[PDB]
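Only one structure is covered here, and it is reproduced in the block below.
Worth knowing before you read on, the calculation uses all heavy atoms, side chains too, and leaves out hydrogens, waters and symmetry mates. A, B, ... follow the sequence lines: proteins, then strands. Residue 1 opens every chain.
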Amino acid sequence: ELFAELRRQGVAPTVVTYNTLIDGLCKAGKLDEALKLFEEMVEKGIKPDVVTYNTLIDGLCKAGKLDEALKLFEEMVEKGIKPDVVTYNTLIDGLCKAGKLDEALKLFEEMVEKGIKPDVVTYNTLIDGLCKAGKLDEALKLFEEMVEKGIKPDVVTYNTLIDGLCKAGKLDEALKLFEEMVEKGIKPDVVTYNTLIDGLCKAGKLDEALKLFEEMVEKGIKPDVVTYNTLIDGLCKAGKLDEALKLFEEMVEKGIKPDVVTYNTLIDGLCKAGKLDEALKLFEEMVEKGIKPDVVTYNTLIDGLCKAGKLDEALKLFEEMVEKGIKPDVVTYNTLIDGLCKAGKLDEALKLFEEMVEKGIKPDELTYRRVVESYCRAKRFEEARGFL
RNA sequence: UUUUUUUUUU
């Protein structure tokens with residue numbers, strides 16, 4: 001509202017004010033209103049700049065609308081508004097996270113071709129894409145390459161590689177790398193410790209994780225919500241749910257405020273244990289304390305109910321889910337498809353795939369495998385061949 | 001004023 005008022009008087013809105021606003025709308029979520037602000041400013045004769053483009057482009061990548069981001073990239077190049085190292089960083093990230101690492105490497109080549117030097121963020125972004133694509137190998141290569149270029153690895157560089165190494169099973173390497181970053185002027189942070197803690201929990205070394213938690217508290221590094229979500233998931237997975245609820249209480253007492261992941265993590269643990277009551281209790285409680293269940297909450301509950309054989313209840317939560325405006329995803333659909341299919345409700349399952357395709361959700365491997373399976377033991381085999 | 005790392009669901 002302050003905008004109209006500022007206009008009203010004699011203050012001509014800058015491009016930075018529109019950029020600030022558009023960023024706000026792109027974070028707050030509402031993308032299409034951001035686009036609308038873009039058109040409004042274009043109209044008023046205020047020229048969108050390279051920051052305007054980068055902002056919208058980022059927001060479109062993170063709304064899943066990649067190809068639209070690329071439309072905007074095209075458009076900015078048409079206008080002579082030259083993409084900069086940030087434009088390319090944004091797009092490289094967007095491509096890596098949409099499973100198009102090869103195209104990302106393309107943009108990486110191209111920016112150099114245009115006299116744009118990759119910076120520490122470019123490298124961090126690619127080392128992350130590389131790791132998450134299984135290519136630890138290439139990631140470390142890149143880590144050598146950036147030092148060759150005189151670009152100084154930062155905390156994010158080390159955090160990224162510590163994580164990749166953990167995820168590949170190489171806990172010992174991650175630890176040695178942690179030591180290396182300390183032996184340098186790089187002070188680890190909450191993320192370094194959170195990453196290491198997660199790595200220790202995943203490898204079944206929960207007490208080493210708790211030790212490390214003590215050490216970060218000692219070293220003056222305040223644990224955050226992620227720290228506690230990580231230890232809570234570790235305890236639930238280790239089968240120690242009492243202790244996890246204890247840590248939950250404890251974080252509330254330490255002034256850490258549980259978020260949606262805290263609640264999903266607990267709901268998962270309780271569902272997996274078969275304590276579907278306590279789980280539903282926490283679902284209602286989170287809504288009560290005003291923490292909006294997302295798609296993972298409902299997915300988690302639905303899978304808990306299907307696994308218990310409470311199909312009706314599960315389906316019901318799917319309905320309530322939609323009615324609350326919560327948009328399903330491929331996980332929701334794989335879960336119900338799976339559950340229906342186990343129940344000899346292959347027809348409905350197929351219908352669920354139909355709807356899935358009709359709302360604009362990609363089916364993914366598991367969906368394919370699953371509906372093929374169900375089509376088979378049915379048994380309509382030509383029906384499956386045509387479905388693929 | 002915009003871009004990179006850690007935790008939860010099939």
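- The phosphate of B/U9 (OP1 or OP2) has a side-chain N or O of A/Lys237 nearer than 4.0 angstrom.
- Applying the side chain to side chain donor-acceptor pair (under 3.5 Å) rule to A/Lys132 yields the partners A/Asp128; only residues at least two apart in sequence or on another chain are considered.
- Remark: the backbone N or O of A/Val371 is not paired with any side-chain donor or acceptor of A/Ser374 at under 3.5 angstrom.
- Taking a cutoff of 4.0 Å between a charged side-chain nitrogen and a carboxylate oxygen, A/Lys65 and A/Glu68 do not qualify as a salt bridge.
- Other residues, nucleotides and ligands place more than 12 heavy atoms under 6.0 Å from the CD atom of A/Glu358.
- Here the P atom of nucleotide B/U4 and the CE atom of A/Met146 are 16 Å apart, to the nearest Å.
- The CG-P distance, from A/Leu317 to B/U9, rounds to 18 Å in whole Å.
- Salt bridge annotation for A/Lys141-A/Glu145: absent, with no cationic side-chain nitrogen under 4.0 angstrom from a carboxylate oxygen.
- Computed from coordinates, the A/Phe143 CZ to B/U5 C1' distance equals 14 Å when rounded to whole Å.
- Nucleotide B/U9 holds its P atom 13 Å from the CG atom of A/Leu270, rounded to whole Å.
- Distance A/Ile221 CD1 to B/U5 P: 20 Å, rounded to the nearest Å.
- Listed in residue order, the members of residues 154-164 of chain A having a heavy atom less than 4.0 Å from RNA chain B are A/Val156, A/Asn159, A/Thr160, A/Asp163.
- Taking atom NZ of residue A/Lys47 and atom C1' of nucleotide B/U1, one finds them 20 Å apart after rounding to whole Å.
- When each of A/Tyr368, A/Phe318, A/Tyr298 is paired with A/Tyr333, the ring-ring contact (aromatic ring centres under 6.0 Å, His included) condition holds for A/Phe318 and for no other.
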